[PDB]
Amino acid sequence: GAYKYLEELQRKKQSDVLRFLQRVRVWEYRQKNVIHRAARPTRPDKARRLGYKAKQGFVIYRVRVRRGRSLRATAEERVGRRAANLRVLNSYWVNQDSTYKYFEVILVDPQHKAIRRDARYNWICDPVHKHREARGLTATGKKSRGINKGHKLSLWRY
Amino acid sequence: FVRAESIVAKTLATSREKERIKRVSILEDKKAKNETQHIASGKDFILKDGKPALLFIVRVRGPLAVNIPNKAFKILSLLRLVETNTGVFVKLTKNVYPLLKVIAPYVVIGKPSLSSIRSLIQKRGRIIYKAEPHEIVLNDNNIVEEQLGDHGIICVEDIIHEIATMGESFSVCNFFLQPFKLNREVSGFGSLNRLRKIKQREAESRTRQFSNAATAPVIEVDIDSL
Amino acid sequence: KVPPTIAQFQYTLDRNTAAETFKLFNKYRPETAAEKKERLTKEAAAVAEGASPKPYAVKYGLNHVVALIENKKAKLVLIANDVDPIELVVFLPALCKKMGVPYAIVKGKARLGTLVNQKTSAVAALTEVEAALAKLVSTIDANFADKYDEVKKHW
Amino acid sequence: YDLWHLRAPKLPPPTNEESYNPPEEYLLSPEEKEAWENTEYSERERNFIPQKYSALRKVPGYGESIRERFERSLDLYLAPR
Amino acid sequence: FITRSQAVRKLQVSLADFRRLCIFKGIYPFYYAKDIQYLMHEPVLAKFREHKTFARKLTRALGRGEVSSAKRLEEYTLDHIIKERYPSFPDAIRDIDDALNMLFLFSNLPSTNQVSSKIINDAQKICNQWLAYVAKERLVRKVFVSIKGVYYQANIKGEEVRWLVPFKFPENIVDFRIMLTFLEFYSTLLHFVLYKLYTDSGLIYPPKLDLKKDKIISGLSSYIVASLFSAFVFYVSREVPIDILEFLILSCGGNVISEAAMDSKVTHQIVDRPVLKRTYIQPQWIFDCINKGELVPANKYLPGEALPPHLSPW
RNA sequence: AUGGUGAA
RNA sequence: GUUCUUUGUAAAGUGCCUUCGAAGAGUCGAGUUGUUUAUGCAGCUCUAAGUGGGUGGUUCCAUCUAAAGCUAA
RNA sequence: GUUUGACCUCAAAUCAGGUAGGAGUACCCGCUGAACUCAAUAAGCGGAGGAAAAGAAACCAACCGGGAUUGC
């Protein structure tokens, strides 16, 4: 599949092709608003391996955050604030700049009947998952919370 | 500027048309001589003879943009059917019989009806005469009473009878009629017209087909279509 | 400045050869949803009251098109230039060249997809065909793969 | 299948001596006919030109039938009523 | 009240479709708001939008290719408007007197790019039913032979429709688009009017028709004052229109034999030529008799005699 | 110190 | 328990013979600067491997497959 | 063939189908965080449910191996 090659191509980010792509896309991202909808993910392999699908109900956003709290979590919270009715399942890096960093975030609509009608994603419609990014329950949030594995008063009646 | 494909296609079509015309003419020359000893056929038949019969002919467009060939072009000029969608009535005869094959690929022929002839005459008609460029329609019978009527063809009904009954004044009236320029089928372009033309073009292949055989039966179709 | 690996597109097949390729591909347009549904309904009606040669169609889906590639099953590969994610198609010409498979580039992904029903197709390929495919492949080679074999140069 | 500001349309007046064989007195002189033909449109009163024809076959075909119908079409839906 | 441009903008419908909507409904002064509001609620707007969407989708398919999709995409009548403008059948008959002139004019127009052959065929066929019905109820009362044509007046339940029959001569060819809409509306009205009239006549509708006879004359002699010309049979010469003479005689109850039939009680022969060789009579005799029921003998209309002064019967 | 209150 | 349906060259499992046979990158890691009860997190330059890599103690051994996610008690 | 439609993007709707604000806050999840090492305490900010969170090992283990998470 193309993803097998896309992953390896994206691995060598310092390569000339990706260096040119990043500097081409940085200006386009800057000309856009702080938060704007993305028709398609610029890194389809990353999104697809992150559980994103092109079926109806899935929405890709992009957001710019100043450089210099975790940037990923801040971006997720910022996109969730504007996208109140959407759930920020996950986010990933796409481009970085000297003054700003760009992280792509994939949103899943729980109200859409398509998302509710499939068993592979209906779990996200539960009220427990509301504002998932707010509580830092995402991948970036869990990592920031330090949820690692391993080392890394009470009085009874008698 | 014109792309190469057009020239090659025109040359290929012209070669085939010229070969077919030459073969048909050579076979007809031997058939007329009545030798009928080493040719495909000598008799004539029509499937769907050279006996008298009034028939209607319509000039159809196509085939591909073949340069005007001498034989067919001259034959059409005799009937002055150069313009597309033009038709004229001709008296079928044994001498005129080979002309059908000579100009078969460019025209469609058939047996008209009295009602169709009457409707065509009463609905369309030209008199290109007195500078005399005017295309005056058969508005009144006064022109028919004056210029015509020497042989008794005084009104349009007389012309209809002569055309349908093959009267003496059939040649005179037919030339005077300045054969009609029938309207094209789709007569349009744009959103719906493109699809309508594409749909109509399919029937052309199944109706206007040329077998190219020297002894091919005369192609005939009912004039009721239009 | 574009790197040598980029700008391989934009320089695409000529007008006449591109038109010939489009005409050839139109001869093997995949059955559309309506045609497939009506054919299946007719087959069901025939069976319900009272075994065919393998079909042929153009390959368009990127995943399965690449799957056919590398296996040497792709006789010809056609790629769009205006694809938004360039990385999806940057490596495709290189893979085709490495595998020894004819490849070509065209301008307009939508025009590429118009011959395969879908709105867009990015890339397309053919698995089977009658005999004009060899001539088209030779023309594409001599006009793009050998005449512009220096694509690795320039910037 | 058989299925079975609204003022009157005011239909035009009936024929007025436009017969193919009208009385000899109604065949007005050419000068009046020329004036009628040259009369300003719309303001023109009569909708026909006087003529007479003895032989039925000599009756000419009307060429202004379409124009009169087109004129009446405007009133058929643009009339203030 | 709102301006015409303001009303169009409110309806957001191009002027071409607004013309059709107004013709179907009828709006005029600058224009009262209530009429525009009523029009906006008409269902015809939805059908027009659907037609526009169909056209744009067809154009999309044609541009993309795959003509099969365009062919498969191919898968109405203003009945409601008829009731609104014609509250009752007598009202429709009243409006016929001016509406049907357009249809009768179109019945003899030549096919061109501006008018499809189907429209002309439908217009001609509608005449084949109108004349057939009128020749069974014998409602013809006037036959004024005017320069514009034979001004027929059929007593259609006491409204004396003033329909005019255009001459059979070529009607050489204004914005036909409005004329096309008027013709469509009048044909939609005619369908129901003819259905009702045929049902009232007691004949099963649609009745059988003969096509071989149509191929001979193509007219009233197919598709299966009144006391005049009872059982009369007239021969028509080559200088008269059979389409007009035959209809009047058939309505009167007689019969007609066409001279061009191959192109007895023969009381009269209609001839206009100065040379003749049956009671020879000019065509004026039939018209004069029908106009007033005179049934005058042939002595007053011998061929070649001075024509009488035919005053307009109105 | 936290979070608020008001004034010339 | 009672029933109307059970089906179409439909689905699954297991032992035998044979051929094929993937793994979450500005991520682990590393240096620094702030926080943390000398673990972790965060800003930042660098940022890689797949008979590879993470954690440990003895002359290199034991276990696992991270950088996606759901789940009552 | 200077006409055209596609594809990509940017806008509008008294258009149709949808959702977030606020309140409560004992418990829970993150940010921030003061003083008599005090204290990752209190207050403040944001978000949820009947529990929340975590949860099926790049875990602990140096054993004759155990074997999701959480409480005693």
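Residues numbered from 1 in each chain as written, not as in the entry; some residues may be left out. Chains lettered and ligands numbered in written order. Part of a larger assembly, values for the part shown. Heavy atoms only, no water.

Per the deposited record, cryo-EM is how this structure was determined, to a resolution of 3.9 Å.

> Mind showing me how you'd approach the protein's contact with RNA strand H here?
Close contacts around RNA strand H come from 29 residues, with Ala39, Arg135, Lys142, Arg145 and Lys149 of chain A the closest. With respect to RNA strand H, the side chain of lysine 149 of chain A contributes an N or O atom lying 2.7 Å from a sugar or linking oxygen. For the surface near RNA strand H, the secondary structure elements donating two or more residues are α6 (139-145) of chain A, α5 (109-114) of chain C together with α4 (44-64) of chain E. Residue classes in the surface near RNA strand H are distributed as nine nonpolar, nine polar and eleven charged. (Near = heavy atom within 4 Å. Polar contact = N/O pair within 3.5 Å; in protein donor to acceptor, adjacent residues only side chain to side chain. Helix = DSSP H or I, 4+ residues; strand = E, 2+ residues; numbered from the N terminus. Nonpolar A, V, L, I, M, F, W, Y, C, P; charged D, E, K, R; others polar.)

> Sorry if this is basic, but what is going on with the sheet that holds strand β2 (residues 103-106) of chain C here?
All names here are of chain C. The strand order across the open sheet formed by three strands is β2-β1-β3, and the pairing between neighbours is mixed. The sheet terminates laterally at β2 and β3 (123-126), the two strands that pair on one side only. Taken pair by pair, the neighbouring strands of this sheet meet at an average axis angle of 20 degrees, ignoring direction. Inspection of the sheet shows strand β1 (residues 76-80) paired to β3 by four bridges, in the antiparallel sense. Its bridge partner lying in β3, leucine 78 is registered against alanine 124. (Pairing = 2+ DSSP bridges. Axes fitted to C-alpha atoms, helices over the stretch in contact; angles between N-to-C directions.)

> Looking at this model, I keep getting lost on the sheet that holds strand β4 (residues 100-108) of chain A. Mind explaining?
What holds strands together in a sheet is hydrogen bonding between their backbones, with the strands either parallel or antiparallel. Residue and element names in this part refer to chain A. On the basis of which strands lie adjacent, the open sheet formed by four strands has the order β1-β2-β4-β3 and antiparallel pairing. Among the strands making up the open sheet, the edge pair consists of β1 (35-38) and β3 (87-96). With strand direction ignored, the average angle separating the axes of adjacent strands in the sheet is 30 degrees. Pairing geometry for strand β2 (residues 58-66) and β4, over nine bridges, is antiparallel. By the bridge assignment for β4, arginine 64 is matched with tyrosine 102.

> What am I meant to see in the pattern of salt bridges here?
Any two side chains of opposite charge can pair, so long as their charged atoms come close to each other. Summed over the entire model, instances satisfying the criterion amount to 45 salt bridges over all chains. Of the charged contacts in the structure, one is a salt bridge between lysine 31 of chain B and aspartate 44 of chain B, with a shortest N-O distance of 3.2 Å. Remark: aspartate 44 of chain B occurs in the loop between α1 (4-33) and β1 (54-59) and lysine 31 of chain B occurs in helix α1; sequence separation between them is 13 residues. A residue is classified by how much of its surface remains accessible, and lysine 31 of chain B, at 10% relative accessible area, is buried. A residue is classified by how much of its surface remains accessible, and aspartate 44 of chain B, at 23% relative accessible area, is partly exposed. Linking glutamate 128 of chain C and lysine 75 of chain C is a salt bridge whose minimum nitrogen-to-oxygen distance equals 3.1 Å. Of the two residues, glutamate 128 of chain C is situated in the loop between β3 and α6 (132-145) and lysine 75 of chain C in the loop between α3 (62-68) and β1; the sequence distance between them amounts to 53 residues. Exposure remark for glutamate 128 of chain C: the relative accessible area of 39% places this residue in the partly exposed category. Under the relative-accessibility criterion, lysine 75 of chain C is labelled partly exposed at 36%. (Salt bridge = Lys/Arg side-chain N within 4 Å of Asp/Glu carboxyl O. Buried < 20%, exposed > 50% of the residue type's maximum accessible area, 1.4 Å probe, protein only.)

> What is the right way to look at the interface of chain E and chain D in this model?
Accessible area lost on assembly of the parts is the figure often given for the size of an interface. Contacts between chain E and chain D engage 59 residues on the former and 46 residues on the latter. A buried area of about 4,800 Å², summed over both sides, lies between chain E and chain D, and 63% of it is on carbon and sulfur atoms. Contact with chain D buries surface across chain E, with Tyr28, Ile147 and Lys148 of chain E losing the most and accounting together for 17% of the total. Counting every contact that joins chain E to chain D gives four salt bridges. The salt bridge involving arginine 57 of chain D is made with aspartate 272 of chain E; its shortest N-O contact spans 3.4 Å. The tally of links from chain E across to chain D stands at 17 residue pairs in polar contact. Elements supplying a minimum of two residues to the side of chain E that touches chain D: α2 (15-25), α6 (79-85), α7 (89-106), β1 (140-146), α9 (176-201) and α11 (283-292) of chain E. Among the elements that line the side of chain E that touches chain D, the one with the most residues is α9 of chain E, at eight residues. (Contact = heavy atoms within 4.5 Å. Buried area = accessible area lost by both parts, 1.4 Å probe.)

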